[PDB]
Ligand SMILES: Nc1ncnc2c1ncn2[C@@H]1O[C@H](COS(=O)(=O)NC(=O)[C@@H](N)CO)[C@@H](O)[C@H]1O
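This document opens with one chain alone, in structure tokens, the form solved without the named molecule.
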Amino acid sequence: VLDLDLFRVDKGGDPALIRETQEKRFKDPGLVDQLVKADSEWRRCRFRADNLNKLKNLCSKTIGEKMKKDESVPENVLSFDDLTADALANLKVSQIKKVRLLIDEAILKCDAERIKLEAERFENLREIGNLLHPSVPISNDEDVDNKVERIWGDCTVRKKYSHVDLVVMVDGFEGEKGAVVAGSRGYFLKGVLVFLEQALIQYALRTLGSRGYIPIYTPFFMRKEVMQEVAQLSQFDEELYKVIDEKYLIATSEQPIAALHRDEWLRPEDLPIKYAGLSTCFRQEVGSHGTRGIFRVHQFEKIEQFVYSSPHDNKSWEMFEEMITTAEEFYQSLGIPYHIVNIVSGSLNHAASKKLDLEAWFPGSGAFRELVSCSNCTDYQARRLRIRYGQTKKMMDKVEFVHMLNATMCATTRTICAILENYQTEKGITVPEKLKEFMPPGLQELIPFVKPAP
């Protein structure tokens, strides 16, 4: 969520800049005007209600000195404007009472507004997205305007089989009974594919590990209270699962890891802190209808990159590029062709300044499909989670919050499909060099077709 001081010109903000961003994503720019308005009303109330406190006091102190010594009149010329220490000392105690009653009744009307405002403010702030990097293509149309930045390896080449067939032909896949047991799209992974996935996971962990990442195995479900801080409203509907306190099944490894450092002060010598998330992830995936394979599925393992960065100096954008670079070199090494894609503003979620997708070329399917997504969220989440930049070297008006980035480096199911269609040959699927050491004996070299293709 954005700093409120950004919506206040007297605090150094530019409501105009945010109005304009709200336009670059495609969303209501008035959502800003309503926030400023409600914020201003909020702020005037705190001011006016402090005046009323003084007027009430003078009232109760004077009704104080008059009971140092029933009888009534309607008697009001007094608007609170005309009300003075002397003006009231000339009045019957019954009249000063009916005035103080008009004050405390106004002081309460403030508290009523303030309350309905504090919310109308927070409901609006939640729906206003983060500032965009200048490089983001401005469009609402994802397919036409996503912009291809780099290409690598041969993305033309066509091969014989789709990954749907190949998971059967090597007999690593039970989708019929998986569909009975867990519901639609449920699956079992058999044999070679289990050993293959373990190799991927090992190679990824080794990779990130030696680049400085700390492998971390997350809990798979989060408290509903911590979840609301790390995700958005369109998350709790589209894909998350409800569990019974009351908890949600994590859709990524970024959720628990963000909440890991919550309400804490990270020291600059310690940044950047890089984690390699290892988790099983669950997505309800509403909107994806259209039959089946292991590619789009409700349950899978991910290896995620999560980085805590300093706010200053562009160290977070430097880290951002370093993060997608790590992702590329991983797929480079496994010999998967891909192209990097800069996602349009309309398709970014609220916390993202910029998003890069690495999309692999699937030779069998003859399509690009997304293996990786990479985001810089700057301080948007950090400020909700209160993760503060912990500098000891000077004195500060307001604290600064760390930058947070997350990339999903490897989603085992999708990556496996990618490997399968790219390494597929005749006898079977060739095992990628970088994975051989991680396969069991007899499974290095090739993975044979044991069964015919549908």
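When you see a residue number, it is the position in the sequence shown, counting from 1. Superpose the two forms; the largest set of C-alphas matching within 1.5 Å is the rigid core.
Going from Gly290 to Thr291, the model skips 1 to 3 deposited residues, which lack coordinates. Coordinates are given for every deposited residue between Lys394 and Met395; the gap count there is zero.
According to the PDB record, 41 to 49 carries the higher mean C-alpha B-factor of the two stretches 41 to 49 and 413 to 421. Remark: stretch with higher mean C-alpha B factor among 53 to 61 and 398 to 406 is 53 to 61. As recorded in the PDB entry, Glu71 shows the highest C-alpha B-factor of the residues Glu304, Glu71, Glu264, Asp379.
Across the options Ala360, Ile115, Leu200, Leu334, the residue with the most elevated CA B-factor in the record is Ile115. Ranked against the other modelled residues of its chain, the C-alpha B-factor of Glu328 as given in the entry falls in the lowest third. Among the modelled residues of its chain, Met67 has a C-alpha B-factor that falls in the highest third according to the deposited record.
When all modelled residues of the chain are sorted by CA temperature factor, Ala352 is found within the lowest third. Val194: CA B factor in the lowest third of modelled residues in this chain (values from the PDB entry). Among the modelled residues of its chain, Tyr161 has a C-alpha B-factor that falls in the middle third according to the deposited record.
One more form of this protein exists, namely the form solved in complex with the named molecule; it is left out here, but the text below deals with it.
The stretch from 44 to 52, 60 to 68, 30 to 38, 400 to 408 that comes within 4.5 Å of the named molecule in the entry with it bound, counting heavy atoms only, is 400 to 408. Contact annotation for the candidate site: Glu285, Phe300 and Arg414 all lie close to the named molecule in the entry with it bound (heavy atom within 4.5 Å). Of the heavy atoms in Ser373, some are within 4.5 Å of the named molecule in the entry with it bound.
Using a 4.5 angstroms threshold between heavy atoms, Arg262 stays clear of the named molecule in the entry with it bound. Though the partner is left out of this view, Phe295 does reach within 4.5 Å of the named molecule in the entry with it bound, counting heavy atoms only. None of the heavy atoms of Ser353 is located within 4.5 Å of the named molecule in the entry with it bound. Contacts to the named molecule in the entry with it bound (heavy atom within 4.5 Å) from stretch 252 to 279: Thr252, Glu254.
In the core-aligned comparison between the shown form and the other one, the C-alpha of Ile103 is the only one from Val164, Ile103, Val297, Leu266 that shifts by 2 Å or more.
Taking the rigid core as fixed, one finds a CA shift for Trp42 of 2 Å or more between the shown form and the other one. After superposition on the rigid core, the Cα of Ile343 moves by less than 2 Å between the shown form and the other one.
Superposition of the core reveals a Cα shift of less than 2 Å for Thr413 between the shown form and the other one.
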